[PDB]
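Quick heads-up: it's one chain on its own, the form deposited in one PDB entry, in structure tokens.
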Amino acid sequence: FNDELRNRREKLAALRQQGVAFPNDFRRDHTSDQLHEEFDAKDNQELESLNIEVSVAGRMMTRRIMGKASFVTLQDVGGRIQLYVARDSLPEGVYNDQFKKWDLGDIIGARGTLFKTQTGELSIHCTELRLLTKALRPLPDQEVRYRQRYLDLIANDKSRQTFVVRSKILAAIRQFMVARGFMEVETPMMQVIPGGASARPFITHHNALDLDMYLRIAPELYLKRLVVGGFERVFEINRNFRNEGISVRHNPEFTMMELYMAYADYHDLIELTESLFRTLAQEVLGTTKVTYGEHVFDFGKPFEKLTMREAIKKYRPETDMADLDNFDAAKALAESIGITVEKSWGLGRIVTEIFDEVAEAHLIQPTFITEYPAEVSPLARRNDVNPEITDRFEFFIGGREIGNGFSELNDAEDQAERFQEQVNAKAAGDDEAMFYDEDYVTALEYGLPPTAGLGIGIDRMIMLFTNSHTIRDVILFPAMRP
């Protein structure tokens, strides 16, 4: 390696000495993939009768010099194409004085006619060949992939495919959404008062205003302000920020999508979610059957629906449901399971925590859990029959929470009361409790039509579609400890 670096650096020095070492005038007219799709099925005789002269450019990955002729493999955006480099085809001295002196990793440009070798390999009989960029380091533990993605992308075909599929999926979500009358929007990333979820925010200071501002933990309250203003079908895909452990299954910043449609309840959201996945699986993967890890989910089949209580009873059948109707009982129950009950918690929270311990990890196949207690749903419409629970649902796949949506609370007086409770909880030590957003209440006071909103964790979604098992395998540049 140390010898490799010196060698390459000496070679660069020679280049500088004779002119331009870093030229930018070479132009290519094809990527390997195009050449492949169009010519991989044509007979050598056919290709020979058509002097299809192309020019490509990319990174020299392999080379086999057999005196007077060499076979090189070039890699560009689309993949690899094979070059046939022969002394007598290139200009005088190029093959010996230049080509043979180049290193693997070097970026080169080539021009020549297409043909096929006796194997069925599409190749380019080079007539012009030139060095565009000298690589000073040799072509390339699990941390390196994340700390230097560019290396990962060069080596790993699978790593590339994952990120390409990522872009395909995002493009498909926007198209799905737009086809249904939704309009994409951009709401503030820096907020005076954070909200829309329960999490520890990042804080940054604006100097000009001397104002402390928070990085968005959710765009919810702003999106809903647009529904009051008339944008009745609105959605947004962008980042949220949260102060938590880097976890190796977490990242301080991640991509979320939120959507709100007026004149709709959560039931409409359940259908939309099912259609979204079925469609994405169908379009991007070709199947509604998605093999993830040691599992096969079927997205072309309606998902399971269980109320939170059904889920608890199902995964801990010895549970006396009566215990969940009384604070003291639920508390003691919670503690027996090993749940440390904080002082700010009420019955609904204790019940939810019990749910998280007991049932969450067993929710492998796509499941919707419904009827969340009011206490843990500050922004969700109360159920008409039982106002102690809200018309909210969460959505799980592979034992992890993928989505969260609900019939929105458009009762300003109730919203205000719910925010007050949040403040009291914050005073009592719940530092994830929400802030009282006075302006949001005011917006509701002008009138929010009955609405349903849904949030979906996009990174998590991308994991399922690429069989990636860490959130870090699906984010180009994950957070690390430099």
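Start at 1 and count along the sequence shown; that's the residue number. In this text, rigid core is short for the largest set of C-alphas that superpose within 1.5 Å between two forms.
Just so it is clear, the following notes concern the form deposited in another entry, a form of the same protein that is not shown.
Shift analysis on the rigid core between this form and the one not shown singles out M321 from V77, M321, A179, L209 (C-alpha displacement of 2 Å or more).
Once the rigid core is overlaid between this form and the one not shown, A218 does not reach a Cα shift of 2 Å, moving by less than that.
Relative to the superposed core, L132 shifts its CA atom by less than 2 Å between this form and the one not shown. In a rigid-core overlay of the protein, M257 has its C-alpha displaced by under 2 Å between this form and the one not shown.
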